[PDB]
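S.K.: PDB, N, CA and C atoms, saved as model24.pdb, coming up:
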```pdb
ATOM      1  N   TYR A   1       0.871  -1.165   0.000
ATOM      2  CA  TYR A   1       0.000   0.000   0.000
ATOM      3  C   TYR A   1       0.898   1.201   0.000
ATOM      4  N   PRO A   2       1.445   1.537  -1.166
ATOM      5  CA  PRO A   2       2.471   2.575  -1.331
ATOM      6  C   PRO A   2       2.310   3.712  -0.350
ATOM      7  N   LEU A   3       3.130   3.702   0.687
ATOM      8  CA  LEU A   3       3.078   4.739   1.688
ATOM      9  C   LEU A   3       4.017   5.854   1.314
ATOM     10  N   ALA A   4       3.589   7.083   1.530
ATOM     11  CA  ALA A   4       4.441   8.216   1.239
ATOM     12  C   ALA A   4       5.329   8.549   2.434
ATOM     13  N   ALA A   5       4.936   8.069   3.616
ATOM     14  CA  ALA A   5       5.687   8.330   4.829
ATOM     15  C   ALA A   5       5.568   7.174   5.809
ATOM     16  N   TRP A   6       6.639   6.946   6.568
ATOM     17  CA  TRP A   6       6.715   5.856   7.545
ATOM     18  C   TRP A   6       6.964   6.353   8.954
ATOM     19  N   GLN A   7       6.675   5.501   9.932
ATOM     20  CA  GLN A   7       6.982   5.770  11.335
ATOM     21  C   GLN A   7       8.000   4.748  11.794
ATOM     22  N   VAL A   8       9.232   5.189  11.971
ATOM     23  CA  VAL A   8      10.317   4.275  12.280
ATOM     24  C   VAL A   8      11.013   4.619  13.573
ATOM     25  N   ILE A   9      11.347   3.618  14.367
ATOM     26  CA  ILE A   9      12.034   3.909  15.617
ATOM     27  C   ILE A   9      13.385   4.529  15.371
ATOM     28  N   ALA A  10      13.604   5.679  15.984
ATOM     29  CA  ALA A  10      14.855   6.392  15.877
ATOM     30  C   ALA A  10      15.972   5.657  16.590
ATOM     31  N   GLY A  11      17.093   5.500  15.903
ATOM     32  CA  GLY A  11      18.274   4.871  16.482
ATOM     33  C   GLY A  11      19.152   5.887  17.198
ATOM     34  N   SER A  12      18.763   7.150  17.123
ATOM     35  CA  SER A  12      19.477   8.231  17.762
ATOM     36  C   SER A  12      18.573   9.436  17.858
ATOM     37  N   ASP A  13      19.164  10.603  18.006
ATOM     38  CA  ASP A  13      18.368  11.804  18.028
ATOM     39  C   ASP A  13      18.271  12.326  16.607
ATOM     40  N   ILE A  14      17.058  12.613  16.167
ATOM     41  CA  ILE A  14      16.811  13.052  14.808
ATOM     42  C   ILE A  14      16.150  14.399  14.758
ATOM     43  N   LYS A  15      16.697  15.299  13.959
ATOM     44  CA  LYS A  15      16.110  16.616  13.816
ATOM     45  C   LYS A  15      15.226  16.684  12.596
ATOM     46  N   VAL A  16      14.378  17.692  12.566
ATOM     47  CA  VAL A  16      13.458  17.852  11.472
ATOM     48  C   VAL A  16      14.227  18.158  10.216
ATOM     49  N   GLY A  17      13.969  17.405   9.157
ATOM     50  CA  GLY A  17      14.631  17.608   7.881
ATOM     51  C   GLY A  17      15.861  16.727   7.692
ATOM     52  N   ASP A  18      16.272  16.003   8.732
ATOM     53  CA  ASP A  18      17.434  15.148   8.591
ATOM     54  C   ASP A  18      17.201  13.995   7.649
ATOM     55  N   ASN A  19      18.193  13.725   6.814
ATOM     56  CA  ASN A  19      18.110  12.591   5.923
ATOM     57  C   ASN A  19      18.396  11.357   6.732
ATOM     58  N   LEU A  20      17.610  10.321   6.516
ATOM     59  CA  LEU A  20      17.741   9.112   7.296
ATOM     60  C   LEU A  20      18.147   7.892   6.496
ATOM     61  N   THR A  21      18.864   7.004   7.195
ATOM     62  CA  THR A  21      19.333   5.724   6.683
ATOM     63  C   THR A  21      19.178   4.636   7.721
ATOM     64  N   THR A  22      19.516   3.405   7.353
ATOM     65  CA  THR A  22      19.404   2.333   8.331
ATOM     66  C   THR A  22      20.499   2.411   9.378
ATOM     67  N   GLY A  23      20.178   1.978  10.582
ATOM     68  CA  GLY A  23      21.121   1.969  11.685
ATOM     69  C   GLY A  23      21.136   0.609  12.349
ATOM     70  N   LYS A  24      21.574   0.581  13.601
ATOM     71  CA  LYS A  24      21.617  -0.665  14.333
ATOM     72  C   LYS A  24      20.215  -1.168  14.513
ATOM     73  N   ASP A  25      20.049  -2.470  14.347
ATOM     74  CA  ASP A  25      18.762  -3.133  14.453
ATOM     75  C   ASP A  25      17.715  -2.641  13.470
ATOM     76  N   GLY A  26      18.121  -1.999  12.379
ATOM     77  CA  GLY A  26      17.131  -1.514  11.435
ATOM     78  C   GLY A  26      16.490  -0.210  11.905
ATOM     79  N   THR A  27      17.113   0.488  12.838
ATOM     80  CA  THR A  27      16.536   1.748  13.273
ATOM     81  C   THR A  27      16.901   2.878  12.329
ATOM     82  N   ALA A  28      16.206   4.000  12.450
ATOM     83  CA  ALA A  28      16.469   5.124  11.563
ATOM     84  C   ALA A  28      17.486   6.051  12.167
ATOM     85  N   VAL A  29      18.552   6.318  11.440
ATOM     86  CA  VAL A  29      19.553   7.223  11.960
ATOM     87  C   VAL A  29      19.907   8.264  10.929
ATOM     88  N   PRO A  30      20.381   9.425  11.358
ATOM     89  CA  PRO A  30      20.832  10.519  10.535
ATOM     90  C   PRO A  30      21.993  10.107   9.662
ATOM     91  N   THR A  31      22.002  10.631   8.452
ATOM     92  CA  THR A  31      23.093  10.410   7.524
ATOM     93  C   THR A  31      23.399  11.661   6.758
ATOM     94  N   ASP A  32      24.349  11.532   5.867
ATOM     95  CA  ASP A  32      24.812  12.637   5.064
ATOM     96  C   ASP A  32      25.352  12.180   3.720
ATOM     97  N   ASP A  33      25.319  10.870   3.470
ATOM     98  CA  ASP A  33      25.886  10.327   2.248
ATOM     99  C   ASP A  33      24.839   9.680   1.337
ATOM    100  N   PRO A  34      24.271  10.448   0.390
ATOM    101  CA  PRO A  34      23.320  10.039  -0.635
ATOM    102  C   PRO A  34      23.713   8.687  -1.167
ATOM    103  N   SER A  35      22.802   7.742  -1.020
ATOM    104  CA  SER A  35      22.946   6.331  -1.367
ATOM    105  C   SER A  35      22.394   5.585  -0.191
ATOM    106  N   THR A  36      22.725   6.102   0.986
ATOM    107  CA  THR A  36      22.238   5.560   2.233
ATOM    108  C   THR A  36      20.902   6.187   2.589
ATOM    109  N   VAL A  37      20.577   7.300   1.941
ATOM    110  CA  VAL A  37      19.348   8.017   2.221
ATOM    111  C   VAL A  37      18.134   7.328   1.651
ATOM    112  N   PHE A  38      17.154   7.053   2.496
ATOM    113  CA  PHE A  38      15.927   6.464   1.997
ATOM    114  C   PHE A  38      14.761   7.373   2.293
ATOM    115  N   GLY A  39      14.934   8.266   3.264
ATOM    116  CA  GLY A  39      13.876   9.183   3.655
ATOM    117  C   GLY A  39      14.319  10.389   4.466
ATOM    118  N   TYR A  40      13.455  11.398   4.531
ATOM    119  CA  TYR A  40      13.736  12.608   5.292
ATOM    120  C   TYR A  40      12.676  12.777   6.376
ATOM    121  N   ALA A  41      13.122  12.951   7.614
ATOM    122  CA  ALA A  41      12.212  13.116   8.742
ATOM    123  C   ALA A  41      11.457  14.443   8.719
ATOM    124  N   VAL A  42      10.198  14.405   9.143
ATOM    125  CA  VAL A  42       9.366  15.606   9.209
ATOM    126  C   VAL A  42       9.121  16.092  10.640
ATOM    127  N   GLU A  43       9.712  15.405  11.613
ATOM    128  CA  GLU A  43       9.541  15.746  13.006
ATOM    129  C   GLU A  43      10.753  15.318  13.802
ATOM    130  N   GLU A  44      10.983  15.997  14.908
ATOM    131  CA  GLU A  44      12.094  15.671  15.771
ATOM    132  C   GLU A  44      11.772  14.477  16.639
ATOM    133  N   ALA A  45      12.750  13.609  16.825
ATOM    134  CA  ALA A  45      12.547  12.434  17.645
ATOM    135  C   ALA A  45      13.790  12.099  18.423
ATOM    136  N   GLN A  46      13.598  11.566  19.612
ATOM    137  CA  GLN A  46      14.717  11.173  20.430
ATOM    138  C   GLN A  46      14.953   9.703  20.222
ATOM    139  N   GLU A  47      16.140   9.242  20.566
ATOM    140  CA  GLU A  47      16.438   7.828  20.446
ATOM    141  C   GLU A  47      15.374   6.980  21.122
ATOM    142  N   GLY A  48      14.824   6.025  20.376
ATOM    143  CA  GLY A  48      13.799   5.128  20.893
ATOM    144  C   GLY A  48      12.378   5.583  20.566
ATOM    145  N   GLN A  49      12.232   6.779  20.020
ATOM    146  CA  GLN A  49      10.918   7.286  19.657
ATOM    147  C   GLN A  49      10.682   7.127  18.184
ATOM    148  N   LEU A  50       9.428   7.009  17.785
ATOM    149  CA  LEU A  50       9.147   6.915  16.370
ATOM    150  C   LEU A  50       9.358   8.243  15.708
ATOM    151  N   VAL A  51       9.846   8.211  14.485
ATOM    152  CA  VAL A  51       9.964   9.436  13.747
ATOM    153  C   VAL A  51       9.260   9.250  12.444
ATOM    154  N   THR A  52       8.429  10.216  12.068
ATOM    155  CA  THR A  52       7.699  10.114  10.809
ATOM    156  C   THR A  52       8.265  11.062   9.758
ATOM    157  N   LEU A  53       8.666  10.500   8.621
ATOM    158  CA  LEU A  53       9.230  11.283   7.527
ATOM    159  C   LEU A  53       8.838  10.727   6.161
ATOM    160  N   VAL A  54       8.857  11.589   5.150
ATOM    161  CA  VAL A  54       8.526  11.191   3.785
ATOM    162  C   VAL A  54       9.643  10.352   3.170
ATOM    163  N   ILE A  55       9.276   9.401   2.316
ATOM    164  CA  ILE A  55      10.256   8.547   1.670
ATOM    165  C   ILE A  55      11.155   9.382   0.772
ATOM    166  N   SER A  56      10.859   9.414  -0.517
ATOM    167  CA  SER A  56      11.705  10.097  -1.483
ATOM    168  C   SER A  56      13.150   9.647  -1.381
TER     169      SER A  56
ATOM    170  N   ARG B   1      11.683   3.693  -6.167
ATOM    171  CA  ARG B   1      12.569   4.381  -7.090
ATOM    172  C   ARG B   1      14.032   4.324  -6.641
ATOM    173  N   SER B   2      14.317   3.673  -5.513
ATOM    174  CA  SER B   2      15.705   3.632  -5.058
ATOM    175  C   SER B   2      16.322   2.309  -4.618
ATOM    176  N   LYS B   3      17.461   1.987  -5.237
ATOM    177  CA  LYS B   3      18.271   0.808  -4.911
ATOM    178  C   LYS B   3      19.662   1.331  -4.537
ATOM    179  N   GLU B   4      20.231   2.094  -5.469
ATOM    180  CA  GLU B   4      21.506   2.796  -5.344
ATOM    181  C   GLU B   4      21.553   3.852  -6.447
ATOM    182  N   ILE B   5      22.363   4.892  -6.271
ATOM    183  CA  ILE B   5      22.497   5.894  -7.315
ATOM    184  C   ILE B   5      23.816   5.747  -8.062
ATOM    185  N   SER B   6      23.899   4.706  -8.882
ATOM    186  CA  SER B   6      25.032   4.522  -9.772
ATOM    187  C   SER B   6      24.749   5.334 -11.023
ATOM    188  N   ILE B   7      24.826   6.651 -10.874
ATOM    189  CA  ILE B   7      24.472   7.574 -11.926
ATOM    190  C   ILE B   7      25.411   7.320 -13.119
ATOM    191  N   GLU B   8      25.071   7.902 -14.257
ATOM    192  CA  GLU B   8      25.933   7.853 -15.440
ATOM    193  C   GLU B   8      26.328   9.264 -15.821
ATOM    194  N   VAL B   9      27.333   9.380 -16.683
ATOM    195  CA  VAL B   9      27.895  10.680 -17.088
ATOM    196  C   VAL B   9      26.800  11.640 -17.583
ATOM    197  N   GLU B  10      25.881  11.131 -18.394
ATOM    198  CA  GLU B  10      24.851  12.010 -18.924
ATOM    199  C   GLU B  10      23.778  12.450 -17.912
ATOM    200  N   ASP B  11      23.778  11.882 -16.702
ATOM    201  CA  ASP B  11      22.933  12.366 -15.603
ATOM    202  C   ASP B  11      23.440  13.702 -15.010
ATOM    203  N   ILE B  12      24.690  14.080 -15.329
ATOM    204  CA  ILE B  12      25.299  15.268 -14.717
ATOM    205  C   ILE B  12      24.899  16.444 -15.602
ATOM    206  N   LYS B  13      23.837  17.113 -15.184
ATOM    207  CA  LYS B  13      23.179  18.109 -16.023
ATOM    208  C   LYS B  13      24.022  19.265 -16.507
ATOM    209  N   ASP B  14      24.926  19.722 -15.666
ATOM    210  CA  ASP B  14      25.724  20.902 -16.009
ATOM    211  C   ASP B  14      27.129  20.553 -16.450
ATOM    212  N   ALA B  15      27.321  19.300 -16.830
ATOM    213  CA  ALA B  15      28.579  18.944 -17.462
ATOM    214  C   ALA B  15      28.628  19.446 -18.901
ATOM    215  N   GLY B  16      29.824  19.865 -19.307
ATOM    216  CA  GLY B  16      30.036  20.364 -20.675
ATOM    217  C   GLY B  16      30.275  19.242 -21.658
ATOM    218  N   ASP B  17      30.251  19.542 -22.958
ATOM    219  CA  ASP B  17      30.455  18.475 -23.944
ATOM    220  C   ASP B  17      31.848  17.856 -23.841
ATOM    221  N   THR B  18      32.899  18.672 -23.813
ATOM    222  CA  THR B  18      34.255  18.143 -23.646
ATOM    223  C   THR B  18      34.396  17.510 -22.278
ATOM    224  N   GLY B  19      33.791  18.119 -21.252
ATOM    225  CA  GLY B  19      33.866  17.542 -19.916
ATOM    226  C   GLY B  19      33.312  16.124 -19.853
ATOM    227  N   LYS B  20      32.184  15.871 -20.502
ATOM    228  CA  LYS B  20      31.630  14.510 -20.483
ATOM    229  C   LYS B  20      32.505  13.568 -21.266
ATOM    230  N   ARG B  21      33.075  14.030 -22.403
ATOM    231  CA  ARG B  21      33.968  13.153 -23.168
ATOM    232  C   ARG B  21      35.172  12.758 -22.318
ATOM    233  N   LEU B  22      35.743  13.691 -21.572
ATOM    234  CA  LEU B  22      36.888  13.393 -20.728
ATOM    235  C   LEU B  22      36.500  12.436 -19.599
ATOM    236  N   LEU B  23      35.337  12.636 -18.987
ATOM    237  CA  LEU B  23      34.960  11.769 -17.873
ATOM    238  C   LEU B  23      34.810  10.316 -18.327
ATOM    239  N   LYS B  24      34.362  10.134 -19.572
ATOM    240  CA  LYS B  24      34.196   8.781 -20.124
ATOM    241  C   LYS B  24      35.491   8.150 -20.571
ATOM    242  N   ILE B  25      36.551   8.929 -20.770
ATOM    243  CA  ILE B  25      37.738   8.405 -21.400
ATOM    244  C   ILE B  25      38.537   7.534 -20.439
ATOM    245  N   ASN B  26      39.153   6.490 -20.987
ATOM    246  CA  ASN B  26      39.821   5.498 -20.135
ATOM    247  C   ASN B  26      41.302   5.648 -19.987
ATOM    248  N   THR B  27      41.968   6.292 -20.950
ATOM    249  CA  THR B  27      43.434   6.351 -20.972
ATOM    250  C   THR B  27      43.913   7.771 -21.224
ATOM    251  N   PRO B  28      45.174   8.034 -20.888
ATOM    252  CA  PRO B  28      45.777   9.356 -21.188
ATOM    253  C   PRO B  28      45.806   9.676 -22.670
ATOM    254  N   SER B  29      46.062   8.678 -23.529
ATOM    255  CA  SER B  29      46.058   8.910 -24.969
ATOM    256  C   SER B  29      44.698   9.378 -25.433
ATOM    257  N   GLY B  30      43.648   8.758 -24.893
ATOM    258  CA  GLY B  30      42.302   9.170 -25.240
ATOM    259  C   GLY B  30      42.045  10.588 -24.795
ATOM    260  N   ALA B  31      42.546  10.941 -23.612
ATOM    261  CA  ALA B  31      42.358  12.310 -23.140
ATOM    262  C   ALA B  31      43.081  13.322 -24.018
ATOM    263  N   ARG B  32      44.285  12.995 -24.464
ATOM    264  CA  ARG B  32      45.032  13.887 -25.338
ATOM    265  C   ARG B  32      44.322  14.084 -26.689
ATOM    266  N   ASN B  33      43.699  13.039 -27.198
ATOM    267  CA  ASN B  33      42.952  13.117 -28.445
ATOM    268  C   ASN B  33      41.769  14.070 -28.313
ATOM    269  N   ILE B  34      41.165  14.129 -27.118
ATOM    270  CA  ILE B  34      40.059  15.084 -26.916
ATOM    271  C   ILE B  34      40.589  16.517 -26.807
ATOM    272  N   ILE B  35      41.625  16.709 -26.016
ATOM    273  CA  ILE B  35      42.064  18.047 -25.580
ATOM    274  C   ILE B  35      42.874  18.802 -26.630
ATOM    275  N   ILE B  36      43.724  18.107 -27.374
ATOM    276  CA  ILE B  36      44.637  18.794 -28.298
ATOM    277  C   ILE B  36      44.106  18.722 -29.716
ATOM    278  N   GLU B  37      43.720  19.878 -30.238
ATOM    279  CA  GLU B  37      43.117  19.939 -31.580
ATOM    280  C   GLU B  37      44.155  20.083 -32.671
ATOM    281  N   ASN B  38      45.249  20.790 -32.427
ATOM    282  CA  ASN B  38      46.289  20.983 -33.421
ATOM    283  C   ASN B  38      47.025  19.667 -33.586
ATOM    284  N   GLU B  39      47.008  19.124 -34.807
ATOM    285  CA  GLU B  39      47.524  17.790 -35.045
ATOM    286  C   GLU B  39      49.034  17.730 -34.889
ATOM    287  N   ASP B  40      49.714  18.841 -35.176
ATOM    288  CA  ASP B  40      51.174  18.878 -35.031
ATOM    289  C   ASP B  40      51.569  18.927 -33.579
ATOM    290  N   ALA B  41      50.879  19.762 -32.795
ATOM    291  CA  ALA B  41      51.091  19.776 -31.351
ATOM    292  C   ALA B  41      50.760  18.432 -30.699
ATOM    293  N   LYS B  42      49.680  17.777 -31.160
ATOM    294  CA  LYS B  42      49.297  16.473 -30.587
ATOM    295  C   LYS B  42      50.395  15.474 -30.877
ATOM    296  N   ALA B  43      50.942  15.531 -32.093
ATOM    297  CA  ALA B  43      52.017  14.619 -32.480
ATOM    298  C   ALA B  43      53.256  14.805 -31.603
ATOM    299  N   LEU B  44      53.644  16.055 -31.309
ATOM    300  CA  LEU B  44      54.760  16.318 -30.403
ATOM    301  C   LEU B  44      54.507  15.736 -29.030
ATOM    302  N   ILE B  45      53.313  15.966 -28.487
ATOM    303  CA  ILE B  45      52.990  15.502 -27.141
ATOM    304  C   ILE B  45      52.948  13.984 -27.063
ATOM    305  N   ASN B  46      52.583  13.348 -28.200
ATOM    306  CA  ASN B  46      52.555  11.873 -28.285
ATOM    307  C   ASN B  46      53.966  11.327 -28.566
ATOM    308  N   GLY B  47      54.948  12.205 -28.754
ATOM    309  CA  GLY B  47      56.308  11.761 -29.104
ATOM    310  C   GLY B  47      56.411  11.014 -30.428
ATOM    311  N   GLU B  48      55.559  11.360 -31.387
ATOM    312  CA  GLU B  48      55.440  10.647 -32.675
ATOM    313  C   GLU B  48      55.178  11.640 -33.809
ATOM    314  N   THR B  49      56.272  12.139 -34.401
ATOM    315  CA  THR B  49      56.155  13.210 -35.386
ATOM    316  C   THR B  49      56.678  12.759 -36.755
ATOM    317  N   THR B  50      55.904  13.055 -37.782
ATOM    318  CA  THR B  50      56.372  12.899 -39.165
ATOM    319  C   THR B  50      57.230  14.092 -39.581
ATOM    320  N   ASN B  51      57.862  14.009 -40.744
ATOM    321  CA  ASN B  51      58.603  15.172 -41.236
ATOM    322  C   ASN B  51      57.669  16.383 -41.422
ATOM    323  N   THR B  52      56.435  16.163 -41.877
ATOM    324  CA  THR B  52      55.452  17.244 -42.005
ATOM    325  C   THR B  52      55.110  17.837 -40.614
ATOM    326  N   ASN B  53      54.859  16.975 -39.631
ATOM    327  CA  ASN B  53      54.632  17.499 -38.286
ATOM    328  C   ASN B  53      55.807  18.352 -37.804
ATOM    329  N   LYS B  54      57.029  17.892 -38.067
ATOM    330  CA  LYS B  54      58.253  18.583 -37.620
ATOM    331  C   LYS B  54      58.322  19.948 -38.290
ATOM    332  N   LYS B  55      58.081  20.010 -39.611
ATOM    333  CA  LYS B  55      58.141  21.292 -40.320
ATOM    334  C   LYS B  55      57.096  22.243 -39.747
ATOM    335  N   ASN B  56      55.903  21.706 -39.514
ATOM    336  CA  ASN B  56      54.822  22.551 -38.998
ATOM    337  C   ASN B  56      55.113  23.038 -37.577
TER     338      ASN B  56
END
```
What is this file in structure tokens?
M.R.:
Amino acid sequence: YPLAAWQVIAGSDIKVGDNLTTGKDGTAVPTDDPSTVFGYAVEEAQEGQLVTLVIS
Amino acid sequence: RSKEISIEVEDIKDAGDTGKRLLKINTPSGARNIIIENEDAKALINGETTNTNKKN
């Protein structure tokens, strides 16, 4: 069901607009190297909290 | 839409015509063939001159 945005457990602290990639245990962590980027967060989240961001 | 971004030369929108030819080239000889238009100068740089190249 093609989702435009997901809710993924943050593997660290994530700021709004941060590009995200996979982390430990499949968690979402901040990145900076295009290739690892699968989505951009739309809200701030602390480690262990869900963060919702658009795919793209 | 994403697996990896193994882009190609023609994906680089603001690359120039000579710039793309150089990026695709595999050897120094190929690069010299792109860059040096004067055939006598190219012959000198290649260390391979005819008597006509020498006169010129």
S.K.: Expressed in Å to a single decimal, how great is the separation between CA of residue 41 (chain B) and CA of residue 19 (chain B)?
M.R.: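 Computing the Euclidean distance for CA of residue 41 (chain B) and CA of residue 19 (chain B) yields 20.8 Å.
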S.K.: For chain B, list the residues within 8 Å of chain A, counting only N, CA and C atoms, and write the list as a ChimeraX atom specification.
M.R.: /B:1-6
S.K.: What separation in Å, quoted to one decimal, exists between atom N of residue 25 (chain A) and atom N of residue 9 (chain A)?
M.R.: 10.6 Å
S.K.: Counting all atoms listed in the file, find the residues whose atoms lie at most 8 Å from (10.8, 16.3, 18.9) (file coordinates) and write them out as a count of residues only.
M.R.: 7
S.K.: Please run DSSP on the backbone and report, as a list in words, all residues within chain A that come out as strand (DSSP E).
M.R.: residues 5, 6, 7, 8, 9, 19, 20, 21, 22, 28, 29, 30, 39, 40, 41, 50, 51, 52, 53 and 54 of chain A
S.K.: Just give me the gap between CA of residue 39 (chain A) and CA of residue 21 (chain A) in Å, one decimal is fine.
M.R.: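 Between these atoms lies a distance of 7.1 Å.
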S.K.: Spell out the residues picked by the PyMOL selection byres ((chain A and resi 50) around 6.5) here, as a list in words.
M.R.: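 Taken on the displayed file, the PyMOL selection byres ((chain A and resi 50) around 6.5) yields the residues residues 7, 8, 9, 10, 45, 46, 48, 49, 51 and 52 of chain A.
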S.K.: List, as a list in words, every residue that the PyMOL selection byres (((chain A and resi 30 and name CA) around 6) and name CA) selects in the file provided.
M.R.: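 Here the PyMOL selection byres (((chain A and resi 30 and name CA) around 6) and name CA) matches residues 19, 20, 29 and 31 of chain A.
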S.K.: Determine which residues of chain B DSSP labels as helix (DSSP H, G or I) from the backbone of this structure, then write them out as a count of residues only.
M.R.: 31
S.K.: Skipping near chain neighbours, those fewer than 6 positions away, what residues fall within 6 Å of residue 11 (chain A) using only C-alpha atoms, listed as a ChimeraX atom specification?
M.R.: /A:27-29,47
S.K.: Box for region 27-39 of chain A - axis-aligned, 5 Å on each of the six sides, all listed atoms - centre and size in Å to one decimal, as AutoDock Vina command-line options.
M.R.:
```
--center_x 19.9 --center_y 6.6 --center_z 6.0 --size_x 22.0 --size_y 22.1 --size_z 24.6
```
S.K.: Please, can region 6-19 of chain A be completed to N, CA, C and O atoms and returned as a compact mmCIF listing (two decimals), keeping the file's coordinate frame?
M.R.:
```txt
# COMPACT_ATOMS: atom_id res chain seq x y z
N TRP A 6 6.64 6.95 6.57
CA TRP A 6 6.72 5.86 7.54
C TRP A 6 6.96 6.35 8.95
O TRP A 6 7.44 7.46 9.16
N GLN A 7 6.68 5.50 9.93
CA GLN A 7 6.98 5.77 11.34
C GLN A 7 8.00 4.75 11.79
O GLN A 7 7.69 3.57 11.93
N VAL A 8 9.23 5.19 11.97
CA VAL A 8 10.32 4.28 12.28
C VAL A 8 11.01 4.62 13.57
O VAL A 8 11.22 5.79 13.88
N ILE A 9 11.35 3.62 14.37
CA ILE A 9 12.03 3.91 15.62
C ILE A 9 13.38 4.53 15.37
O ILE A 9 14.21 3.97 14.65
N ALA A 10 13.60 5.68 15.98
CA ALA A 10 14.86 6.39 15.88
C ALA A 10 15.97 5.66 16.59
O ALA A 10 15.86 5.29 17.76
N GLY A 11 17.09 5.50 15.90
CA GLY A 11 18.27 4.87 16.48
C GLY A 11 19.15 5.89 17.20
O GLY A 11 20.16 5.53 17.81
N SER A 12 18.76 7.15 17.12
CA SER A 12 19.48 8.23 17.76
C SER A 12 18.57 9.44 17.86
O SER A 12 17.35 9.31 17.78
N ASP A 13 19.16 10.60 18.01
CA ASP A 13 18.37 11.80 18.03
C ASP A 13 18.27 12.33 16.61
O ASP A 13 19.28 12.45 15.92
N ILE A 14 17.06 12.61 16.17
CA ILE A 14 16.81 13.05 14.81
C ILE A 14 16.15 14.40 14.76
O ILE A 14 15.14 14.63 15.41
N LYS A 15 16.70 15.30 13.96
CA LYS A 15 16.11 16.62 13.82
C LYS A 15 15.23 16.68 12.60
O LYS A 15 15.31 15.84 11.70
N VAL A 16 14.38 17.69 12.57
CA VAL A 16 13.46 17.85 11.47
C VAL A 16 14.23 18.16 10.22
O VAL A 16 15.05 19.07 10.21
N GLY A 17 13.97 17.40 9.16
CA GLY A 17 14.63 17.61 7.88
C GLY A 17 15.86 16.73 7.69
O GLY A 17 16.44 16.71 6.61
N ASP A 18 16.27 16.00 8.73
CA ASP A 18 17.43 15.15 8.59
C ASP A 18 17.20 14.00 7.65
O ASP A 18 16.16 13.34 7.69
N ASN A 19 18.19 13.72 6.81
CA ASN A 19 18.11 12.59 5.92
C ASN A 19 18.40 11.36 6.73
O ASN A 19 19.31 11.35 7.55
```
